[PDB]
Amino acid sequence: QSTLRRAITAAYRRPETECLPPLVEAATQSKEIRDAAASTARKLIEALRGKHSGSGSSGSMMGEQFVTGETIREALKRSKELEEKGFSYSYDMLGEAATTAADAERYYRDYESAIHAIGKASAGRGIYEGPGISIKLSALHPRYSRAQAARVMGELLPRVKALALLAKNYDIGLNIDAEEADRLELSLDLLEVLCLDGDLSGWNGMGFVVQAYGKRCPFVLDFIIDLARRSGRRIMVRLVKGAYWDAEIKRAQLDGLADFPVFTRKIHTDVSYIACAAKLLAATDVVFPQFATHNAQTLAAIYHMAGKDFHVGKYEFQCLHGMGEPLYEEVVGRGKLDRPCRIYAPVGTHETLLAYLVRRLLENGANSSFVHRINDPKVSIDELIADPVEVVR
Amino acid sequence: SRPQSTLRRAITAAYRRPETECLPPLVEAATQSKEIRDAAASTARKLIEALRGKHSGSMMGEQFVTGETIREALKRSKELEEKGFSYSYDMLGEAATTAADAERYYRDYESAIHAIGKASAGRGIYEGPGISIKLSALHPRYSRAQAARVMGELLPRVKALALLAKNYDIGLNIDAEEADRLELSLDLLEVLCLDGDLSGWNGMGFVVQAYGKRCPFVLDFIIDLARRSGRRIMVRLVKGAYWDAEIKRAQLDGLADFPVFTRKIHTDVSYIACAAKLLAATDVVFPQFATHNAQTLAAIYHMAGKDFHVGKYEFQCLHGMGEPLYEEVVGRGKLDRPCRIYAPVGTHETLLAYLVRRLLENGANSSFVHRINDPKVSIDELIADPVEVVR
Ligand SMILES: Cc1cc2nc3c(=O)[nH]c(=O)nc-3n(C[C@H](O)[C@H](O)[C@H](O)COP(=O)(O)OP(=O)(O)OC[C@H]3O[C@@H](n4cnc5c(N)ncnc54)[C@H](O)[C@@H]3O)c2cc1C
Ligand SMILES: Cc1cc2nc3c(=O)[nH]c(=O)nc-3n(C[C@H](O)[C@H](O)[C@H](O)COP(=O)(O)OP(=O)(O)OC[C@H]3O[C@@H](n4cnc5c(N)ncnc54)[C@H](O)[C@@H]3O)c2cc1C
Ligand SMILES: C=CCSCC(=O)O
Ligand SMILES: C=CCSCC(=O)O
């Protein structure tokens with residue numbers, strides 16, 4: 001318990017109207033930055049609309065567009081082409097929400113075998129230039145959402161620590177994906193224990209996702225930035241909007257709550273994301289920000305907010321396999337923006353793919369999504385480059 | 001005793017009966033003769049080889065919607081109607097969260113019935129188009145409010161819609177939704193079938209989900225209701241669209257035994273057993289066999305025997321999924337059996353929930369429509385009778 005932890009708990013269901021003013025202020029950019037971001041965003045979107053990206057490119061319900069390979073060996077082999085273009089990878093062994101001990105055990109073995117393969121393929125490239133892995137805590141505990149948080153974390157900790165130690169041995173990144181809002185606190189407690197565990201000293205590969213659609217986002221970030229500074233671990237922080245919005249709304253509508261744990265207007269999430277990006281960019285000494293987005297306006301805003309100084313390891317962008325390549329082909333490389341992007345790369349069979357595909361459908365099919373609007377003949381470029389702070393009303 | 005005590009008790013007793021206890025009667029009821037199984041395998045093999053042959057061997061789901069408005073969807077239906085297909089239109093929208101949303105869905109259904117009835121032009125309930133409705137669209141708290149309150153506000157609304165459908169002589173089908181609303185929807189069906197204001201019209205329809213343990217006992221109740229009401233009830237037999245959600249709900253409810261089967265081939269056996277029940281009651285119900293599975297279709301086609309006329313039974317499929325299969329079914333040179341296309345009408349504001357269920361259907365490794373495109377799955381496996389796996 002701390003003042004920083006108290007701010008997280010206090011924001012859980014803070015009224016949406018009260019959350020917004022501080023985010024609006026922090027997300028407000030100077031005129032020069034806004035003008036430069038508009039120019040960059042226009043250039044990117046014109047390039048995108050000469051392509052055929054977005055929801056129209058999502059492929060068939062077989063989900064072939066979204067999976068990098070069936071096995072880690074297959075996915076690693078297929079990664080060489082984009083790696084020399086300036087992309088990196090974070091591999092996701094598909095599988096989540098284990099319901100039996102056998103399933104949780106299988107997912108653990110999958111993650112463990114992937115770390116060995118990824119770590120050997122990394123070949124000493126380290127946590128920024130080389131590949132990493134992403135895990136879901138719900139894969140590793142058979143009653144992750146339906147058991148007491150204290151006991152869940154206590155059985156989960158040895159498994160996650162063992163995986164982190166393997167990642168340290170090979171010096172690769174290991175990211176904890178963010179899932180449902182009611183599990184933020186548990187996963188954050190796990191992150192704290194790991195960052196204070198002396199067995200993991202000298203390794204900066206521990207990573208953690210924070211969801212900007214959540215009202216707690218800036219306060220989670222303050223806690224993580226402070227944890228990094230005091231632990232000496234340069235935590236990799238993946239800033240995302242969030243993948244479970246429809247489910248969070250449905251659960252909140254059934255819990256009879258007046259105030260949800262997530263925002264309810266998409267523009268509020270966009271303001272939240274930019275405000276939280278400003279917080280992360282002011283903390284690159286102690287954290288490694290990873291800006292996961294397919295929205296060219298969001299990207300261009302962050303690109304200019306970061307300033308002129310850049311080196312590999314300062315920050316990166318990220319995208320999902322099968323969704324982000326058209327945009328980021330206009331970003332990576334010395335002929336573009338010369339900023340790196342890490343591809344989140346699902347690995348598994350068609351069975352383990354289904355739950356992930358449903359979230360990709362809700363993301364690609366929503367009229368509010370950038371990837372849908374980029375292909376919408378009714379949506380102008382002027383609208384696509386609008387600054388969320390200047391639009392909110 | 002209470003009216004229909006024996007039939008109603010059998011439904012309640014099956015609700016969460018252990019899966020192993022549900023299956024043996026269904027397996028025996030779904031067992032067909034070797035001669036029928038050989039003929040069905042030949043038919044299924046032909047259907048599958050045609051499926052690929054005419055189709056060279058989309059997640060955003062524009063192919064799942066027939067039109068943005070009922071006028072648009074009706075215009076786009078002429079081509080397939082001329083071939084021998086019929087339609088059931090679905091105004092997209094469900095799970096109304098406010099009384100105003102429910103009123104808006106009601107008005108969409110009312111206007112659609114006028115338009116569909118005009119287009120029907122007296123073709124009747126079998127050859128002409130119909131409508132499908134979801135009760136969750138018509139009550140603002142459908143999954144949550146007590147059945148007494150839901151019934152008292154829902155019944156006048158559904159009765160008014162049924163009266164318009166009667167006035168145009170079109171079909172009106174109540175779609176089946178989550179398992180916890182089966183009982184309410186069935187009580188509503190009974191009151192409507194016994195309502196004299198709807199006399200003379202056989203267009204009332206009702207879905208039963210074969211993935212549910214109550215399915216054969218619900219069918220018993222419906223067939224008996226048809227006999228005592230004098231209505232020939234249209235009965236759409238489906239497997240079911242909410243399986244993933246039912247499993248998650250039952251886990252969250254703490255249940256030791258779920259209201260649905262957990263082995264996919266058990267749902268297939270249930271479907272075939274229930275088809276045998278419906279095919280023996282065509283005097284009092286109109287069976288509508290909704291499936292995209294060529295093996296299920298072939299089994300029912302041969303189970304039904306050589307005697308057929310339009311109005312005896314039909315098949316059904318979803319727009320954007322079933323047309324390739326049923327183009328090998330409708331028509332004198334094919335199987336000479338009719339098919340009604342379930343045709344969603346709406347926009348993105350109402351497409352999400354339906355599209356998610358389509359993705360869970362199309363993307364599941366256990367689904368026929370996925371297995372037909374899976375290089376690991378032989379034609380032998382696609383045509384195999386699942387009843388022989390558990391017999
Ligand atoms: C590499 C990568 C990793 C990711 N990891 C995770 C993870 O671990 N956990 C996680 O939850 N998400 C994660 N995501 C985010 C998620 O999968 C989506 O890709 C992301 O939210 C889409 O944002 P965008 O900026 O690309 O698009 P945009 O179109 O700009 O934003 C869409 C997002 O806005 C939000 N939204 C939509 N409607 C509303 C509304 N009415 N009110 C409020 N918010 C709304 C949702 O978050 C939606 O995804 C990750 C994304 C990437 C690219
Ligand atoms: C015209 C039409 C109308 C329909 N109306 C409705 C309706 O009102 N309500 C409704 O709920 N459904 C309805 N459905 C059914 C649903 O939408 C699917 O289309 C149907 O269940 C798929 O069955 P299939 O025989 O085509 O495919 P198959 O691949 O043979 O069967 C797949 C089905 O098996 C079941 N299943 C999958 N995995 C398991 C498992 N592990 N254990 C048990 N069962 C499993 C599910 O029902 C799944 O849909 C309708 C279908 C059609 C064609
Ligand atoms: C794509 C994001 C990574 S975590 C949530 C999901 O898997 O959708
Ligand atoms: C497609 C079937 C009719 S009812 C369940 C759904 O809408 O998916």
# chains A, B, ... in the order shown; residues from 1 in each chain; ligands from 1
call {"tool": "residues_around", "arguments": {"residues": "region 365-367 of chain B", "least_positions_apart": "4", "cutoff": "10 Å", "atoms": "only C-alpha atoms", "output": "short mmCIF file (atom, residue, chain, number, x, y, z; two decimals) with N, CA, C and O atoms, in the first residue's frame"}}
result
data_model
loop_
_atom_site.label_atom_id
_atom_site.label_comp_id
_atom_site.auth_asym_id
_atom_site.auth_seq_id
_atom_site.Cartn_x
_atom_site.Cartn_y
_atom_site.Cartn_z
N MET A 62 -11.40 -17.78 -41.41
CA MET A 62 -10.35 -18.71 -41.03
C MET A 62 -9.28 -18.04 -40.18
O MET A 62 -8.52 -18.74 -39.49
N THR A 349 -2.50 -22.98 -33.26
CA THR A 349 -3.43 -23.66 -34.15
C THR A 349 -4.69 -22.81 -34.33
O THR A 349 -4.86 -21.76 -33.70
N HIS A 350 -5.60 -23.29 -35.17
CA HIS A 350 -6.86 -22.57 -35.38
C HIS A 350 -7.73 -22.61 -34.13
O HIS A 350 -8.46 -21.64 -33.86
N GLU A 351 -7.66 -23.69 -33.35
CA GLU A 351 -8.43 -23.78 -32.11
C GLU A 351 -8.07 -22.65 -31.14
O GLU A 351 -8.92 -21.87 -30.72
N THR A 352 -6.79 -22.56 -30.77
CA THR A 352 -6.39 -21.53 -29.82
C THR A 352 -6.51 -20.12 -30.38
O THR A 352 -6.40 -19.16 -29.63
N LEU A 353 -6.78 -19.99 -31.68
CA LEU A 353 -6.87 -18.68 -32.32
C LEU A 353 -8.23 -18.00 -32.10
O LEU A 353 -8.29 -16.77 -32.14
N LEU A 354 -9.28 -18.76 -31.79
CA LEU A 354 -10.64 -18.24 -31.92
C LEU A 354 -10.89 -17.04 -31.02
O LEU A 354 -11.43 -16.02 -31.47
N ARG B 263 -19.96 -31.99 -25.85
CA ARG B 263 -19.34 -32.73 -26.95
C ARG B 263 -20.11 -32.44 -28.24
O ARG B 263 -21.33 -32.61 -28.29
N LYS B 264 -19.40 -31.97 -29.27
CA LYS B 264 -20.09 -31.47 -30.47
C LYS B 264 -20.91 -32.58 -31.13
O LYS B 264 -22.05 -32.35 -31.56
N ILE B 265 -20.37 -33.79 -31.21
CA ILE B 265 -21.16 -34.83 -31.87
C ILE B 265 -22.42 -35.20 -31.09
O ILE B 265 -23.35 -35.74 -31.68
N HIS B 292 -26.06 -25.99 -42.20
CA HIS B 292 -25.11 -25.90 -43.31
C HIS B 292 -24.28 -27.16 -43.46
O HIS B 292 -23.37 -27.20 -44.30
N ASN B 293 -24.58 -28.19 -42.68
CA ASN B 293 -23.78 -29.40 -42.63
C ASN B 293 -24.36 -30.38 -43.66
O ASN B 293 -25.49 -30.86 -43.50
N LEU B 360 -17.81 -17.18 -34.42
CA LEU B 360 -17.65 -18.35 -33.56
C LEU B 360 -18.11 -19.61 -34.28
O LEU B 360 -17.55 -20.69 -34.06
N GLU B 361 -19.11 -19.47 -35.15
CA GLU B 361 -19.57 -20.59 -35.96
C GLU B 361 -18.57 -20.92 -37.07
O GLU B 361 -18.15 -22.07 -37.20
N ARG B 371 -14.38 -27.27 -41.31
CA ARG B 371 -13.79 -28.56 -41.64
C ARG B 371 -13.75 -28.79 -43.14
O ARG B 371 -12.79 -29.40 -43.65
N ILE B 372 -14.76 -28.31 -43.87
CA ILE B 372 -14.74 -28.47 -45.32
C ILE B 372 -13.55 -27.79 -45.98
O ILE B 372 -13.13 -28.19 -47.06
N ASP B 374 -10.54 -27.52 -44.30
CA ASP B 374 -9.41 -27.95 -43.49
C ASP B 374 -8.70 -29.09 -44.20
O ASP B 374 -9.29 -30.17 -44.36
#
call {"tool": "select_by_dssp", "arguments": {"residues": "region 194-270 of chain B", "states": "alpha helix (DSSP H)", "output": "ChimeraX atom specification"}}
result
/B:215-229,243-252,264-270
call {"tool": "residues_around", "arguments": {"residues": "residue 48 (chain B)", "least_positions_apart": "6", "cutoff": "9 Å", "atoms": "only C-alpha atoms", "output": "PyMOL selection string"}}
result
chain B and resi 294-295+325+372+379+382-383
call {"tool": "write_last_selection", "arguments": {"atoms": "C-alpha atoms", "output": "short mmCIF file (atom, residue, chain, number, x, y, z; two decimals), in the first residue's frame"}}
result
data_model
loop_
_atom_site.label_atom_id
_atom_site.label_comp_id
_atom_site.auth_asym_id
_atom_site.auth_seq_id
_atom_site.Cartn_x
_atom_site.Cartn_y
_atom_site.Cartn_z
CA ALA B 294 -24.09 -31.53 -45.78
CA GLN B 295 -23.97 -34.73 -43.72
CA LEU B 325 -24.79 -26.03 -50.50
CA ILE B 372 -14.74 -28.47 -45.32
CA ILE B 379 -14.17 -36.43 -47.34
CA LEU B 382 -17.07 -35.20 -43.52
CA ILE B 383 -19.64 -37.81 -44.62
#
call {"tool": "residues_around", "arguments": {"residues": "residue 113 (chain B)", "least_positions_apart": "4", "cutoff": "7 Å", "atoms": "only C-alpha atoms", "output": "PDB file with N, CA and C atoms, in the first residue's frame"}}
result
ATOM      1  N   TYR B 109     -40.002  -3.940 -36.635  1.00  0.00           N
ATOM      2  CA  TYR B 109     -40.654  -5.197 -36.989  1.00  0.00           C
ATOM      3  C   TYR B 109     -42.003  -4.956 -37.645  1.00  0.00           C
ATOM      4  N   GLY B 117     -45.208  -8.508 -46.202  1.00  0.00           N
ATOM      5  CA  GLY B 117     -46.527  -8.980 -46.591  1.00  0.00           C
ATOM      6  C   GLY B 117     -46.948  -8.472 -47.957  1.00  0.00           C
ATOM      7  N   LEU B 164     -50.528  -8.868 -37.472  1.00  0.00           N
ATOM      8  CA  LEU B 164     -50.183  -8.336 -38.791  1.00  0.00           C
ATOM      9  C   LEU B 164     -49.711  -9.452 -39.712  1.00  0.00           C
ATOM     10  N   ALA B 165     -48.901 -10.376 -39.195  1.00  0.00           N
ATOM     11  CA  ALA B 165     -48.442 -11.473 -40.036  1.00  0.00           C
ATOM     12  C   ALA B 165     -49.617 -12.322 -40.492  1.00  0.00           C
TER      13      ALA B 165
END
call {"tool": "interface_residues", "arguments": {"of": "chain A", "to": "chain B", "cutoff": "12 Å", "atoms": "only C-alpha atoms", "output": "JSON list (two decimals) with N, CA and C atoms, in the first residue's frame"}}
result
[["chain", "number", "residue", "atom", "x", "y", "z"],
["A", 54, "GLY", "N", -6.56, -1.72, -43.44],
["A", 54, "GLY", "CA", -7.77, -1.59, -42.65],
["A", 54, "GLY", "C", -8.61, -2.86, -42.66],
["A", 55, "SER", "N", -9.86, -2.68, -42.23],
["A", 55, "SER", "CA", -10.76, -3.81, -42.01],
["A", 55, "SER", "C", -11.02, -4.61, -43.29],
["A", 56, "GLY", "N", -11.04, -3.95, -44.45],
["A", 56, "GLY", "CA", -11.24, -4.67, -45.70],
["A", 56, "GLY", "C", -10.18, -5.72, -45.96],
["A", 57, "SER", "N", -9.00, -5.56, -45.38],
["A", 57, "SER", "CA", -7.90, -6.50, -45.57],
["A", 57, "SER", "C", -7.85, -7.59, -44.50],
["A", 58, "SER", "N", -8.87, -7.68, -43.65],
["A", 58, "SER", "CA", -8.82, -8.58, -42.51],
["A", 58, "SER", "C", -8.92, -10.05, -42.89],
["A", 59, "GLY", "N", -9.19, -10.36, -44.15],
["A", 59, "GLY", "CA", -9.22, -11.74, -44.58],
["A", 59, "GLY", "C", -10.51, -12.44, -44.20],
["A", 60, "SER", "N", -10.45, -13.76, -44.20],
["A", 60, "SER", "CA", -11.63, -14.59, -44.00],
["A", 60, "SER", "C", -11.75, -15.02, -42.54],
["A", 61, "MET", "N", -12.89, -15.62, -42.21],
["A", 61, "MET", "CA", -13.13, -16.11, -40.86],
["A", 61, "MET", "C", -12.24, -17.29, -40.49],
["A", 62, "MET", "N", -11.40, -17.78, -41.41],
["A", 62, "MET", "CA", -10.35, -18.71, -41.03],
["A", 62, "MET", "C", -9.28, -18.04, -40.18],
["A", 63, "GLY", "N", -9.19, -16.71, -40.21],
["A", 63, "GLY", "CA", -8.23, -15.99, -39.39],
["A", 63, "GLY", "C", -6.81, -16.04, -39.88],
["A", 64, "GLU", "N", -6.59, -16.45, -41.13],
["A", 64, "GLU", "CA", -5.25, -16.64, -41.65],
["A", 64, "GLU", "C", -4.41, -15.36, -41.58],
["A", 65, "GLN", "N", -5.05, -14.20, -41.71],
["A", 65, "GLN", "CA", -4.29, -12.95, -41.74],
["A", 65, "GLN", "C", -3.63, -12.64, -40.41],
["A", 66, "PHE", "N", -4.13, -13.20, -39.31],
["A", 66, "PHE", "CA", -3.76, -12.75, -37.98],
["A", 66, "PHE", "C", -2.77, -13.66, -37.26],
["A", 97, "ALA", "N", -7.35, -17.97, -20.58],
["A", 97, "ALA", "CA", -8.49, -18.35, -19.75],
["A", 97, "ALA", "C", -8.56, -19.87, -19.53],
["A", 98, "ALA", "N", -7.46, -20.41, -19.01],
["A", 98, "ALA", "CA", -7.41, -21.83, -18.73],
["A", 98, "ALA", "C", -8.51, -22.18, -17.74],
["A", 99, "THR", "N", -9.19, -23.30, -17.98],
["A", 99, "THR", "CA", -10.26, -23.75, -17.10],
["A", 99, "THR", "C", -9.91, -25.00, -16.32],
["A", 100, "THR", "N", -8.80, -25.67, -16.64],
["A", 100, "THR", "CA", -8.35, -26.86, -15.94],
["A", 100, "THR", "C", -6.86, -26.74, -15.68],
["A", 143, "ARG", "N", -8.05, -20.91, -12.54],
["A", 143, "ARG", "CA", -9.21, -20.16, -12.05],
["A", 143, "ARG", "C", -8.86, -18.69, -11.92],
["A", 145, "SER", "N", -9.80, -15.78, -13.11],
["A", 145, "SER", "CA", -10.80, -14.76, -12.85],
["A", 145, "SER", "C", -11.83, -15.14, -11.80],
["A", 146, "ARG", "N", -11.90, -16.41, -11.40],
["A", 146, "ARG", "CA", -12.97, -16.88, -10.52],
["A", 146, "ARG", "C", -12.47, -17.30, -9.14],
["A", 147, "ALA", "N", -11.21, -17.05, -8.83],
["A", 147, "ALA", "CA", -10.66, -17.38, -7.52],
["A", 147, "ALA", "C", -10.12, -16.12, -6.86],
["A", 246, "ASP", "N", -15.99, -4.07, -25.47],
["A", 246, "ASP", "CA", -17.35, -4.58, -25.53],
["A", 246, "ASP", "C", -17.68, -5.43, -24.31],
["A", 247, "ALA", "N", -16.74, -6.28, -23.89],
["A", 247, "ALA", "CA", -16.98, -7.14, -22.74],
["A", 247, "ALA", "C", -17.04, -6.34, -21.45],
["A", 250, "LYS", "N", -20.45, -4.72, -21.29],
["A", 250, "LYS", "CA", -21.50, -5.70, -21.02],
["A", 250, "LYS", "C", -21.49, -6.12, -19.56],
["A", 253, "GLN", "N", -22.75, -3.17, -17.38],
["A", 253, "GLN", "CA", -24.19, -2.99, -17.50],
["A", 253, "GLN", "C", -24.95, -4.03, -16.67],
["A", 254, "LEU", "N", -24.35, -5.20, -16.45],
["A", 254, "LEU", "CA", -24.98, -6.24, -15.66],
["A", 254, "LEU", "C", -24.70, -6.09, -14.17],
["A", 255, "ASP", "N", -23.54, -5.54, -13.80],
["A", 255, "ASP", "CA", -23.25, -5.24, -12.41],
["A", 255, "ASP", "C", -24.08, -4.09, -11.86],
["A", 256, "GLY", "N", -24.92, -3.47, -12.68],
["A", 256, "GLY", "CA", -25.77, -2.39, -12.20],
["A", 256, "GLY", "C", -25.01, -1.17, -11.73],
["A", 349, "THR", "N", -2.50, -22.98, -33.26],
["A", 349, "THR", "CA", -3.43, -23.66, -34.15],
["A", 349, "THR", "C", -4.69, -22.81, -34.33],
["A", 350, "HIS", "N", -5.60, -23.29, -35.17],
["A", 350, "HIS", "CA", -6.86, -22.57, -35.38],
["A", 350, "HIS", "C", -7.73, -22.61, -34.13],
["A", 351, "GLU", "N", -7.66, -23.69, -33.35],
["A", 351, "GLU", "CA", -8.43, -23.78, -32.11],
["A", 351, "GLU", "C", -8.07, -22.65, -31.14],
["A", 352, "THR", "N", -6.79, -22.56, -30.77],
["A", 352, "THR", "CA", -6.39, -21.53, -29.82],
["A", 352, "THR", "C", -6.51, -20.12, -30.38],
["A", 353, "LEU", "N", -6.78, -19.99, -31.68],
["A", 353, "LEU", "CA", -6.87, -18.68, -32.32],
["A", 353, "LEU", "C", -8.23, -18.00, -32.10],
["A", 354, "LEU", "N", -9.28, -18.76, -31.79],
["A", 354, "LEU", "CA", -10.64, -18.24, -31.92],
["A", 354, "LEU", "C", -10.89, -17.04, -31.02],
["A", 355, "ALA", "N", -10.55, -17.13, -29.73],
["A", 355, "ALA", "CA", -10.86, -16.02, -28.83],
["A", 355, "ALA", "C", -10.15, -14.73, -29.26],
["A", 356, "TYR", "N", -8.90, -14.85, -29.69],
["A", 356, "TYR", "CA", -8.18, -13.69, -30.21],
["A", 356, "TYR", "C", -8.86, -13.13, -31.45],
["A", 357, "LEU", "N", -9.33, -14.01, -32.34],
["A", 357, "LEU", "CA", -10.02, -13.56, -33.55],
["A", 357, "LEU", "C", -11.27, -12.76, -33.22],
["A", 358, "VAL", "N", -12.01, -13.16, -32.18],
["A", 358, "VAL", "CA", -13.22, -12.42, -31.82],
["A", 358, "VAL", "C", -12.88, -10.98, -31.45],
["A", 359, "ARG", "N", -11.79, -10.79, -30.70],
["A", 359, "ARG", "CA", -11.37, -9.43, -30.37],
["A", 359, "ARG", "C", -10.91, -8.67, -31.61],
["A", 360, "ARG", "N", -10.25, -9.36, -32.55],
["A", 360, "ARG", "CA", -9.88, -8.70, -33.80],
["A", 360, "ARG", "C", -11.11, -8.30, -34.61],
["A", 361, "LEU", "N", -12.17, -9.10, -34.55],
["A", 361, "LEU", "CA", -13.40, -8.75, -35.26],
["A", 361, "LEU", "C", -14.04, -7.51, -34.65],
["A", 362, "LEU", "N", -14.17, -7.49, -33.33],
["A", 362, "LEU", "CA", -14.73, -6.31, -32.68],
["A", 362, "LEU", "C", -13.89, -5.07, -32.94],
["A", 363, "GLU", "N", -12.56, -5.22, -33.05],
["A", 363, "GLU", "CA", -11.68, -4.10, -33.35],
["A", 363, "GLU", "C", -11.84, -3.65, -34.80],
["A", 364, "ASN", "N", -11.78, -4.60, -35.74],
["A", 364, "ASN", "CA", -11.83, -4.23, -37.16],
["A", 364, "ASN", "C", -13.23, -3.83, -37.62],
["A", 365, "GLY", "N", -14.28, -4.36, -37.00],
["A", 365, "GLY", "CA", -15.61, -4.12, -37.50],
["A", 365, "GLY", "C", -16.32, -2.93, -36.92],
["A", 366, "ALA", "N", -15.78, -2.34, -35.86],
["A", 366, "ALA", "CA", -16.41, -1.18, -35.26],
["A", 366, "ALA", "C", -16.26, 0.03, -36.17],
["A", 367, "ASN", "N", -17.38, 0.73, -36.39],
["A", 367, "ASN", "CA", -17.37, 1.95, -37.18],
["A", 367, "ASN", "C", -16.45, 3.01, -36.59],
["A", 368, "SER", "N", -16.21, 2.98, -35.28],
["A", 368, "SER", "CA", -15.33, 3.95, -34.63],
["A", 368, "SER", "C", -13.84, 3.66, -34.81],
["A", 371, "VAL", "N", -8.98, 1.58, -38.29],
["A", 371, "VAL", "CA", -8.80, 0.63, -39.38],
["A", 371, "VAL", "C", -10.08, 0.44, -40.19],
["A", 372, "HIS", "N", -11.25, 0.72, -39.62],
["A", 372, "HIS", "CA", -12.47, 0.70, -40.41],
["A", 372, "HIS", "C", -12.64, 2.01, -41.17]]
call {"tool": "residues_near_ligand", "arguments": {"ligand": "ligand 2", "cutoff": "6 Å", "atoms": "only C-alpha atoms and all ligand atoms", "output": "NGL selection string"}}
result
:B and (175-177 or 207 or 209 or 211 or 238-243 or 261-264 or 267 or 290-293 or 316-318 or 342 or 361 or 366-368)
call {"tool": "closest_atom_pairs", "arguments": {"of": "chain A", "to": "ligand 3", "cutoff": "9 Å", "atoms": "only C-alpha atoms and all ligand atoms", "output": "tab-separated table"}}
result
residue	atom	partner	partner_atom_place_in_ligand_line	distance
A:92	CA	ligand 3	3 (C)	8.1
A:94	CA	ligand 3	7 (O)	8.2
A:96	CA	ligand 3	7 (O)	8.6
A:134	CA	ligand 3	3 (C)	8.3
A:135	CA	ligand 3	4 (S)	8.6
A:136	CA	ligand 3	4 (S)	7.5
A:176	CA	ligand 3	4 (S)	8.8
A:177	CA	ligand 3	4 (S)	5.2
A:178	CA	ligand 3	4 (S)	6.0
A:179	CA	ligand 3	5 (C)	6.2
A:209	CA	ligand 3	4 (S)	8.6
A:240	CA	ligand 3	2 (C)	8.5
A:242	CA	ligand 3	5 (C)	7.4
A:243	CA	ligand 3	8 (O)	5.2
A:244	CA	ligand 3	5 (C)	7.2
A:319	CA	ligand 3	1 (C)	8.6
A:320	CA	ligand 3	1 (C)	6.4
A:344	CA	ligand 3	1 (C)	7.3
A:346	CA	ligand 3	7 (O)	8.6
A:355	CA	ligand 3	7 (O)	7.9
A:356	CA	ligand 3	8 (O)	5.1
A:357	CA	ligand 3	8 (O)	7.7
A:358	CA	ligand 3	8 (O)	8.2
A:359	CA	ligand 3	8 (O)	5.3
A:360	CA	ligand 3	8 (O)	6.7
call {"tool": "residues_around", "arguments": {"residues": "residue 18 (chain A)", "least_positions_apart": "3", "cutoff": "12 Å", "atoms": "only C-alpha atoms", "output": "list in words"}}
result
residues 11, 13, 14, 15, 21, 22, 23, 24, 215, 259, 263 and 268 of chain A
call {"tool": "residues_around", "arguments": {"residues": "residue 34 (chain B)", "least_positions_apart": "6", "cutoff": "12 Å", "atoms": "only C-alpha atoms", "output": "PyMOL selection string"}}
result
chain B and resi 40-41+299+302-303+385+388
call {"tool": "residues_around", "arguments": {"residues": "residue 7 (chain A)", "least_positions_apart": "4", "cutoff": "9 Å", "atoms": "only C-alpha atoms", "output": "short mmCIF file (atom, residue, chain, number, x, y, z; two decimals) with C-alpha atoms, in the first residue's frame"}}
result
data_model
loop_
_atom_site.label_atom_id
_atom_site.label_comp_id
_atom_site.auth_asym_id
_atom_site.auth_seq_id
_atom_site.Cartn_x
_atom_site.Cartn_y
_atom_site.Cartn_z
CA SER A 2 1.25 3.46 -0.97
CA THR A 3 0.02 6.87 -2.09
CA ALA A 11 -9.71 5.99 -9.87
CA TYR A 12 -11.28 2.55 -10.52
CA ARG A 216 -6.81 4.03 -13.80
CA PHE A 219 -2.14 6.33 -12.07
CA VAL A 220 -0.93 2.85 -13.03
CA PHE A 223 3.18 3.70 -10.06
#
call {"tool": "closest_residue", "arguments": {"among": "A:239, A:271, A:301, A:347", "to": "residue 389 (chain A)", "atoms": "only C-alpha atoms"}}
result
A:271
call {"tool": "closest_residue", "arguments": {"among": "B:390, B:191, B:343, B:100", "to": "ligand 4", "atoms": "only C-alpha atoms and all ligand atoms"}}
result
B:343
call {"tool": "select_by_dssp", "arguments": {"residues": "region 46-288 of chain A", "states": "strand (DSSP E)", "output": "list in words"}}
result
residues 87, 88, 89, 90, 91, 92, 93, 132, 133, 134, 135, 174, 175, 176, 206, 207, 208, 209, 210, 211, 235, 236, 237, 238, 239, 240, 287 and 288 of chain A
call {"tool": "closest_residue", "arguments": {"among": "B:110, B:102, B:193, B:236", "to": "residue 153 (chain B)", "atoms": "only C-alpha atoms"}}
result
B:102
